[PDB]
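Taken one at a time, structure 1 and structure 2 that follow are two forms of one protein chain, written as structure tokens.
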Structure 1
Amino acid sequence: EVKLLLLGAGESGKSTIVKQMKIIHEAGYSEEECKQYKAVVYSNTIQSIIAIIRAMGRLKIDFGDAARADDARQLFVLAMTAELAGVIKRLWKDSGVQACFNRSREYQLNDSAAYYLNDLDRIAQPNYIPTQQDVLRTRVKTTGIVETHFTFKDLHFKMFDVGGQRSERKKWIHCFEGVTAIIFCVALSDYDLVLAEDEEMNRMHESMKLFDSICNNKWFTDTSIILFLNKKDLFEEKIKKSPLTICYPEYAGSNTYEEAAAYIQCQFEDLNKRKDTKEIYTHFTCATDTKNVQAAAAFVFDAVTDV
């Protein structure tokens, strides 16, 4: 009876939200289901550390220890085993690798790269099983449309998740029929990144063009628009290191979590052309934090209840 549509750019966090609805209302991920994602965890860790040493060549950075070159060679051939763990750990500890990691803005690196790598000892053990946090931290591109059903207070939702990348936005239109509410996810940490499809397009700017399209859409003039400003935990960490001016030349405020976030929210709310007729319900979220998403869900519920 209630249709929920998750929209947003790629890496936005929409699929992580779906995962959280199963954790909260469907009592988590079974031990067996976690073992399913074990390969995904390993693939993500491997792809991340590969992405870093590959960046070094492009970025003119070399190891703090020249002996690592044999480990970097070993990483590619092996692409889990206890030898591969020792190789990755040494590469992650290297001063050169760490320098390149702190320049990840200049290439494409998974959000959860450091999360997995900093916990490699746990990840490398035998009989290791992905934790619920580990599963949420996994990245897998969403291809096609995925639906999910859950019931709350005698109201049950149809949640639709779709791919955010340009390759999949053609299929967004197929879902627009009968949408109660839209949850538009935006990565706060995307302000200094660039799209993986287009090397020179700013990720946040892309997210903006999308939100303008959706927020001021002809089909959705009825539907309530919810704006999820996601990845606030990464934004908090990141805003100290990188200035928000990279995304906005005009921004003269401080590079602080509270003030910078407030600014991004305002720029997205300003895209509403029917600003008097239509309201936008905005919430700051950490999609990997189940407790935080529980609070978000309640906020989503209140917006739908307002009907």
Structure 2
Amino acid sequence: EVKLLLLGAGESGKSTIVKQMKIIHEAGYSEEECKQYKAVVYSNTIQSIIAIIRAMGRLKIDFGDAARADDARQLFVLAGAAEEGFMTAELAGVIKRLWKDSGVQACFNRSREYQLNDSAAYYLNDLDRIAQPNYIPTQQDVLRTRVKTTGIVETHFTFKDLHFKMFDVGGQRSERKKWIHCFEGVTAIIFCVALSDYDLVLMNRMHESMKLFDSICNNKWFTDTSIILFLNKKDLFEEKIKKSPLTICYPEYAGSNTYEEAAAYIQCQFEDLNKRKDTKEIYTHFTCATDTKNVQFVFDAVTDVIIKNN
């Protein structure tokens, strides 16, 4: 029986990794279980479009089809009386026309300049499928779900004759930091880093993640804890690096803005934080948390290592 502790800044993907464990080892999501997330998908979806639109204002930008001005105001009024767990084709229509707007899509691409759900685009596009009244959220839909984790979530599953007891720690900064403390001496830690946070001006979000990793990695609490590093959201990174310069996050970066090199660099910047390199090793994997195939492959490796290290 092993105790794995998902760690890392919010939105790095701890939760998504939990679901993948469910989907990959125990059973997954019954058409029944999925139905549960209908309200979350709607919530996320509406949240995504509102954010983008409410951003057009600040970033000073006009809608494509001048008429979308009506749908904009409509969006809000309909978001208020929204009966969670169900979305009206009326609202479904408002979002749809807005998402297909020239100026709105322009704001969407200027996404880094504000806060926007990673899943924003994924849901919005599939809006036709999701707007249906009988719509049953797919496993991917569930995986793309974004819900702030509170308290500590604990999942169980057996893999390779091993009883895994995983832990995702939500809660505020301090008590979280304090909960981590009562987690000193865990079999393993899977620290997640959202690679796509390099170009975000949230200190830098990436450096923040780094600072956090530095603490966990060189912390006396985990001197016998397999520090596993998930350089996650590699997909969003790839689509992003070809437009945004890694320099934004690392001015001391001489390489080129290409997935391979930049990714490699980020991995370097994190691994370099490890002080006791001769004593303890960092097991890294570039991941796409939402990608089940990727995560199974990756978790396979994590297990193997876990097995040896003990």
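Only residues modelled in both forms are compared. One-based numbering along structure 1's sequence throughout. Heads up, when I say rigid core I mean the largest set of C-alphas that superpose within 1.5 Å between the two forms.
Core-based superposition between the two structures shows that, of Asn216, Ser167, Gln133, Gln108, only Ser167 has its Cα displaced by 2 Å or more. Core superposition gives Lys153 a CA displacement of 2.2 Å between the two structures. Its Cα shifted by 6.8 Å, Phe299 is compared between the two structures on a rigid core fit. Its Cα shifted by 1.5 Å between the two structures, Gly64 is reported here after superposition on the rigid core. Every Cα shifting by 2 Å or more, across three or more consecutive residues, marks a moved region; comparing between the two structures on the rigid core, these regions are 163-175, 299-307.
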